[PDB]
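Below: one structure, written as structure tokens.
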Amino acid sequence: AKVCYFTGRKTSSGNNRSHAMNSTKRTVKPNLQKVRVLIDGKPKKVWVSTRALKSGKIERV
Amino acid sequence: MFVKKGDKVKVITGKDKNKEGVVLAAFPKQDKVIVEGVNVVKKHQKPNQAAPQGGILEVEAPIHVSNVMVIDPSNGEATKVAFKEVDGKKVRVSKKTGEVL
Amino acid sequence: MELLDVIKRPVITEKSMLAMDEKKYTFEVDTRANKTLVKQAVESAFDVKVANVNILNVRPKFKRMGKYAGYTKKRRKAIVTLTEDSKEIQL
Amino acid sequence: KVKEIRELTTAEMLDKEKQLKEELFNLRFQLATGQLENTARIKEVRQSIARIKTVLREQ
RNA sequence: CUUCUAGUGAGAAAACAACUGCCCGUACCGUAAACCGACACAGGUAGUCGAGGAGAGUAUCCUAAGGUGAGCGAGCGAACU
RNA sequence: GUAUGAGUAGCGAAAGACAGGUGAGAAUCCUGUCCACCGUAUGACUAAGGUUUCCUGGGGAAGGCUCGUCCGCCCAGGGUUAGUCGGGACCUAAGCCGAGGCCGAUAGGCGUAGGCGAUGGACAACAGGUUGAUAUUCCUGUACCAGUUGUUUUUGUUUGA
RNA sequence: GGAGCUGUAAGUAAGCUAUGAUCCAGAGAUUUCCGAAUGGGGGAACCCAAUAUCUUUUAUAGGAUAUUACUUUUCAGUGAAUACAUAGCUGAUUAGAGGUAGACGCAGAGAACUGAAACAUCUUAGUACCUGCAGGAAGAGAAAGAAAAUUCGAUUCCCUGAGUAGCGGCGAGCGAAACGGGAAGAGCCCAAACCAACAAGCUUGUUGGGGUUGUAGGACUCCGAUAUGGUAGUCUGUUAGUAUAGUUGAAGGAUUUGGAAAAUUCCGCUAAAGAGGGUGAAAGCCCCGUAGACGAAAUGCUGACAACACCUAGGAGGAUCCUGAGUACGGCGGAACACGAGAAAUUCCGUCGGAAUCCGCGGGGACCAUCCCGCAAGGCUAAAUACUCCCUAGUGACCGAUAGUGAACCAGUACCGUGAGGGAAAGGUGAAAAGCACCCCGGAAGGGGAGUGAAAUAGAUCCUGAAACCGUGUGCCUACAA
Ligand SMILES: [K+]
Ligand SMILES: [K+]
Ligand SMILES: [K+]
Ligand SMILES: [K+]
Ligand SMILES: [K+]
Ligand SMILES: [K+]
Ligand SMILES: [K+]
Ligand SMILES: [K+]
Ligand SMILES: [K+]
Ligand SMILES: [K+]
Ligand SMILES: [K+]
Ligand SMILES: [K+]
Ligand SMILES: [K+]
Ligand SMILES: [K+]
Ligand SMILES: [K+]
Ligand SMILES: [K+]
Ligand SMILES: [K+]
Ligand SMILES: [K+]
Ligand SMILES: [K+]
Ligand SMILES: [K+]
Ligand SMILES: [K+]
Ligand SMILES: [K+]
Ligand SMILES: [K+]
Ligand SMILES: [K+]
Ligand SMILES: [K+]
Ligand SMILES: [K+]
Ligand SMILES: [K+]
Ligand SMILES: [K+]
Ligand SMILES: [Mg+2]
Ligand SMILES: [Mg+2]
Ligand SMILES: [Mg+2]
Ligand SMILES: [Mg+2]
Ligand SMILES: [Mg+2]
Ligand SMILES: [Mg+2]
Ligand SMILES: [Mg+2]
Ligand SMILES: [Mg+2]
Ligand SMILES: [Mg+2]
Ligand SMILES: [Mg+2]
Ligand SMILES: [Mg+2]
Ligand SMILES: [Mg+2]
Ligand SMILES: [Mg+2]
Ligand SMILES: [Mg+2]
Ligand SMILES: [Mg+2]
Ligand SMILES: [Mg+2]
Ligand SMILES: [Mg+2]
Ligand SMILES: [Mg+2]
Ligand SMILES: [Mg+2]
Ligand SMILES: [Mg+2]
Ligand SMILES: [Mg+2]
Ligand SMILES: [Mg+2]
Ligand SMILES: [Mg+2]
Ligand SMILES: [Mg+2]
Ligand SMILES: [Mg+2]
Ligand SMILES: [Mg+2]
Ligand SMILES: [Mg+2]
Ligand SMILES: [Mg+2]
Ligand SMILES: [Mg+2]
Ligand SMILES: [Mg+2]
Ligand SMILES: [Mg+2]
Ligand SMILES: [Mg+2]
Ligand SMILES: [Mg+2]
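Read top to bottom, the protein sequences are chains Z, X, W and 1. Just so you know, we're using PDB author numbering here: the first sequence kicks off at 2 and counts up by one. Just so you know, we're using PDB author numbering here: the second sequence kicks off at 1 and counts up by one. Just so you know, we're using PDB author numbering here: the third sequence kicks off at 1 and counts up by one. Just so you know, we're using PDB author numbering here: the fourth sequence kicks off at 2 and counts up by one.
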């Protein structure tokens, strides 16, 4: 699924609030990016959140 | 049932009250019993039953088991039945005398 | 299945009796039995030599008694033809 | 009966089963015609086979 | 299915004789009283054959092969429809 | 549940007649004769669909728009025979399913390989007879297709059919 | 358990049973095909395979058994672009799929009718529905808390606080929490520092030890102890109980009416049993039972006991070291807190930026200071609580056949619909079939006798048998009347 492979961030539901406070459902998505990373020593393209990459601990092979 | 096939019983209720006779057949599921010469009925039989007249047969019809009492063979009187084990074997016993069966 | 269970019973009717005069015998066989298996079963059971086997499926037939209605069981009818110079089957 | 079946041996039991199967086969044929009188024999033979198979399995 | 080699190869081919060849459907109605229309319903239902005279013709009329006489009738012979 | 309307509307395209029979009972069932209707059909085959309505012997409660001795109804027995016909053990179209795979809040959507899927392609048997009911299926006759075993005859055995 | 039995279900027919049947309870065997369906296919209950062994046939054809889906875990072998490798492929190994109970839990996603007397914020409502995961319970739970009486000491649920404080086009409405009183009670593990071992390539990873906190704890250094207590462990036994069949279990006869006695009348008798049901009408004493006593080969379950297993150290020092980071927090956009951005804490999601670390950090409803309380960013944890598809035993100022389940009866049936789906009607002879032999009319049906029965106007369309409606007989009236 389209889920951050490391932090689990995933699409969720939010609201739109007009100035008249009208509410309508929307989708709030995490800033996922396809990244080639080493899992169990083998590189693979997986979804990853920019936040997960920010620390720099996540490989970027 | 407390009564058995072949037992000698006395009728304590019904039109045939105070009669006595042998139990020709017992039907535990119906809780009924047939006593020879007791509760006789005239039955209109067609000649289809291998009787080449059909006729009006006479036969005993079952009566409820609660309407009879076992005749104590030793004394010739009707009695209630208890259950006592004798020689390691369970058997019926006349409450009025203690006689067996 | 077992050879003895392959054949269920003979079929006795006017058509079956005419077949017997022609040296062809009608049997009800296990509904899952094929004519080759029936051939093997008849040979082993009766010591006859089978020339040919014709096989039909008899459909379940509707029936009713009183308020209840249903279908007779489906049947599989086989007409077994013995070769000439073969012993006859006896029933 | 069950005692006899247990007394018998493996080969004896299998041969007995085969004889019973042939007897059941013949009984079916005689029932299909009018030549069978003791109908209860059919159920007796079937139960005999059942007992034999049960003993064999529990050996 | 026919050919090509690749591969595979000690058996092949022919005639003759004998023998083997499984499962499912097979009834019956089917321009209909048996299917779709609640009906033994003037409707609908794909494909094939579908003769003769006159005739261009499968039109039309009368017929062949073949099928059918329609599941309320008998009287009367007014109005009106 | 039962009235009223009311013993009224209706009884659903059309030709029947008489003799005989059967039977408790006949316009209505059977036989016969004449007559009449359809005849690119109202005939003969079939696919679908129906699912025993098929045949034989019984029945007249209900159903049949009347009647019924009759029936596609009820009761009891019985009837569908394939190497070659149609389908499967053959092929594929549209479409469908879909290992991995792609995508996606969940559910799932899409899709490769591979499959399924005829309405098409491929494929060996015909004539006659026979039953109350089946027939290119059973029988008679004469065939064909794939294969097994065996006898015989020819040839090839590793520069090898 | 002890005499009949082969169901409903009559009838024949043939049989079984004291060599103990039928029947009842525990355990086991067999358990076709479809169905997640899983060898492949498929329009479910069908078709067609491969492999291996066996089997039929002189042989082909035929038959039987076992294995063969996909993915996940782990191992092994093979093995590309490409050299090493990896991917892929093969085999093995492993545990998943699916269904429920129309209930209860948690989570994702998430309406409208409705209310506001219109309507958009708001309300219905985080409800209905959909989906995922579940467990017998779930969730929560061991203070970065509640407070400020000075204190309390995980969580959950109940009463109360209270329709209060509050929120709200300040409208309609929504609506707490803490204290207090109860149910129940239980607390525990890691990460880190540090030590040992190991492998690589002085740190850096695996294993082990060590440690688990706020009146700060721990490491580390000294000492002194090698006990003391405990468990929320075990298909480990022993024992007891209990569930799943059962045994036993008191005491009435007459008279009257009656077809029949349990009713009436006279005498009795029993009661640890006068609960209830049946029996030809209403039975303490006829029957099944009840009070009471007793019973288990087998399989479960519970509780103990044992065994095994696993946790369980005190004091003194701080020189140094550790105590959860893209975390807390902030901006922006949403959401949850009764709280609708509001002065707005607190909690959570997305995006971006982004700390301190014991002289530290968080909270006490903007925010600062002081004081007080606590120690997040790791995990687990029984009971009190919610629910009942089922099983056992019972209850009812609950229904009594248009009621009560839709269904007392062959009901989710008949029937309707392409399908999802919708969905009925229908209980009562008699004490006992004793279900009307025989005769007469009739083709039958149906009747009249004759019988059975207490009753047949109880005759199977059968207890009672209302009204509508139909009909026969007639006491009175009616053909000049609106
Ligand atoms: K060639
Ligand atoms: K046919
Ligand atoms: K012409
Ligand atoms: K013409
Ligand atoms: K007619
Ligand atoms: K007239
Ligand atoms: K006119
Ligand atoms: K009417
Ligand atoms: K009328
Ligand atoms: K007839
Ligand atoms: K064929
Ligand atoms: K075709
Ligand atoms: K499937
Ligand atoms: K439930
Ligand atoms: K609304
Ligand atoms: K309003
Ligand atoms: K829990
Ligand atoms: K309140
Ligand atoms: K308002
Ligand atoms: K420890
Ligand atoms: K009695
Ligand atoms: K009583
Ligand atoms: K036990
Ligand atoms: K706030
Ligand atoms: K606080
Ligand atoms: K605190
Ligand atoms: K009566
Ligand atoms: K009158
Ligand atoms: Mg066939
Ligand atoms: Mg035909
Ligand atoms: Mg028509
Ligand atoms: Mg047309
Ligand atoms: Mg009129
Ligand atoms: Mg007509
Ligand atoms: Mg024309
Ligand atoms: Mg006919
Ligand atoms: Mg007929
Ligand atoms: Mg009629
Ligand atoms: Mg074909
Ligand atoms: Mg697809
Ligand atoms: Mg897939
Ligand atoms: Mg052909
Ligand atoms: Mg025909
Ligand atoms: Mg399968
Ligand atoms: Mg409104
Ligand atoms: Mg569970
Ligand atoms: Mg403190
Ligand atoms: Mg007693
Ligand atoms: Mg008394
Ligand atoms: Mg809110
Ligand atoms: Mg804060
Ligand atoms: Mg933020
Ligand atoms: Mg404050
Ligand atoms: Mg709990
Ligand atoms: Mg009533
Ligand atoms: Mg009802
Ligand atoms: Mg109802
Ligand atoms: Mg009366
Ligand atoms: Mg009545
Ligand atoms: Mg006048
Ligand atoms: Mg007058």
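Even for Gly, the Cβ is constructed at its ideal location relative to N, Cα and C.
Measuring C-alpha to C-alpha distances from residue 17 (chain X) to each of 68 (chain X), 72 (chain X) and 82 (chain X) identifies 68 (chain X) as the nearest.
Residue contact with chain 1 for residue 4 (chain W): present (Cβ-Cβ distance below 8 Å to some residue of chain 1).
When 9 Å is used as the limit between beta carbons, residue 33 (chain 1) is near these residues of chain W: 8, 9, 10, 11, 12, 28 and 91, in chain order.
Against residue 22 (chain 1), the close residues of chain W are 2 and 4, in the order they occur along the chain (beta-carbon pairs closer than 7 Å).
Here the C-alpha atom of residue 93 (chain X) lies approximately 38 Å from the C-alpha atom of residue 43 (chain X). Per the C-alpha coordinates, the member of 88 (chain X), 83 (chain X), 89 (chain X) and 98 (chain X) positioned closest to residue 2 (chain X) is 83 (chain X). Taking residue 33 (chain W) as the centre and dropping the five residues before and after it, the same chain places the C-beta of 6 closer than 6 Å to its C-beta, in chain order. Contact annotation for residue 52 (chain 1) against chain W: no contact, minimum CB-CB distance about 17 Å [criterion: below 8 Å].
Cβ-Cβ separation between residue 55 (chain X) and residue 37 (chain X): approximately 20 Å, too far for a contact (criterion under 8 Å). Contacts between residue 29 (chain 1) and chain W, judged by CB atoms closer than 8 Å, involve 8 and 9 in chain order.
Under the 10 Å beta carbon count, residue 12 (chain X) is surrounded by fewer than 16 other beta carbons and is classified as exposed. Counted as a single uninterrupted DSSP element, the beta strand (DSSP E) harbouring residue 27 (chain W) occupies residues 24-29. Listed as beta-bridge partners of residue 38 (chain 1) by DSSP are no residues whatsoever.
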